[PDB]
Amino acid sequence: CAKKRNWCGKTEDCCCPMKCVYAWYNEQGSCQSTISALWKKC
């Protein structure tokens with residue numbers, strides 16, 4: 001699992017509700033609690 005502010009990439013997954021998200025100039029993305037994560041409340 002990964003924590004918030006953690007660069008995303010290959011298979012790994014984050015710690016709900018944290019989900020791989022995208023930034024801007026860094027497609028790397030980062031694990032951040034997404035609103036849709038509510039439907040899957042960790």
# chains A, B, ... in the order shown; residues from 1 in each chain; ligands from 1
$ select_by_dssp --residues "chain A" --states "strand (DSSP E)" --output "PDB file with N, CA and C atoms, in the first residue's frame"
ATOM      1  N   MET A  18      -7.544   6.783  -0.094  1.00  0.00           N
ATOM      2  CA  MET A  18      -6.497   7.276  -0.976  1.00  0.00           C
ATOM      3  C   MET A  18      -6.479   6.489  -2.281  1.00  0.00           C
ATOM      4  N   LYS A  19      -6.558   7.207  -3.397  1.00  0.00           N
ATOM      5  CA  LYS A  19      -6.549   6.584  -4.717  1.00  0.00           C
ATOM      6  C   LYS A  19      -5.589   7.326  -5.640  1.00  0.00           C
ATOM      7  N   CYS A  20      -4.922   6.584  -6.521  1.00  0.00           N
ATOM      8  CA  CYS A  20      -3.974   7.182  -7.457  1.00  0.00           C
ATOM      9  C   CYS A  20      -4.624   8.353  -8.182  1.00  0.00           C
ATOM     10  N   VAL A  21      -4.043   9.535  -8.011  1.00  0.00           N
ATOM     11  CA  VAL A  21      -4.557  10.751  -8.632  1.00  0.00           C
ATOM     12  C   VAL A  21      -3.499  11.367  -9.544  1.00  0.00           C
ATOM     13  N   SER A  30      -0.357  11.050  -7.488  1.00  0.00           N
ATOM     14  CA  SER A  30      -0.130  10.776  -6.073  1.00  0.00           C
ATOM     15  C   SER A  30      -1.388  10.244  -5.414  1.00  0.00           C
ATOM     16  N   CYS A  31      -1.197   9.460  -4.363  1.00  0.00           N
ATOM     17  CA  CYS A  31      -2.308   8.879  -3.625  1.00  0.00           C
ATOM     18  C   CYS A  31      -3.004   9.950  -2.795  1.00  0.00           C
ATOM     19  N   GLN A  32      -4.282  10.178  -3.081  1.00  0.00           N
ATOM     20  CA  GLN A  32      -5.059  11.181  -2.361  1.00  0.00           C
ATOM     21  C   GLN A  32      -6.518  10.754  -2.262  1.00  0.00           C
ATOM     22  N   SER A  33      -7.097  10.911  -1.076  1.00  0.00           N
ATOM     23  CA  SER A  33      -8.488  10.543  -0.846  1.00  0.00           C
ATOM     24  C   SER A  33      -9.389  11.223  -1.868  1.00  0.00           C
TER      25      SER A  33
END
$ select_by_dssp --residues "chain A" --states "helix (DSSP H, G or I)" --output "ChimeraX atom specification"
/A:35-40
$ write_last_selection --atoms "C-alpha atoms" --output "short mmCIF file (atom, residue, chain, number, x, y, z; two decimals), in the first residue's frame"
data_model
loop_
_atom_site.label_atom_id
_atom_site.label_comp_id
_atom_site.auth_asym_id
_atom_site.auth_seq_id
_atom_site.Cartn_x
_atom_site.Cartn_y
_atom_site.Cartn_z
CA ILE A 35 -14.48 12.01 -3.50
CA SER A 36 -15.58 8.87 -5.34
CA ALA A 37 -13.68 7.05 -2.59
CA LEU A 38 -16.77 7.72 -0.49
CA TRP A 39 -18.63 5.04 -2.43
CA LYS A 40 -15.87 2.75 -1.17
#
$ closest_residue --among "A:2, A:42, A:7, A:14" --to "residue A:27" --atoms "only C-alpha atoms"
A:7
$ atom_distance --atom1 "atom CA of residue A:34" --atom2 "atom CA of residue A:1"
15.9 Å
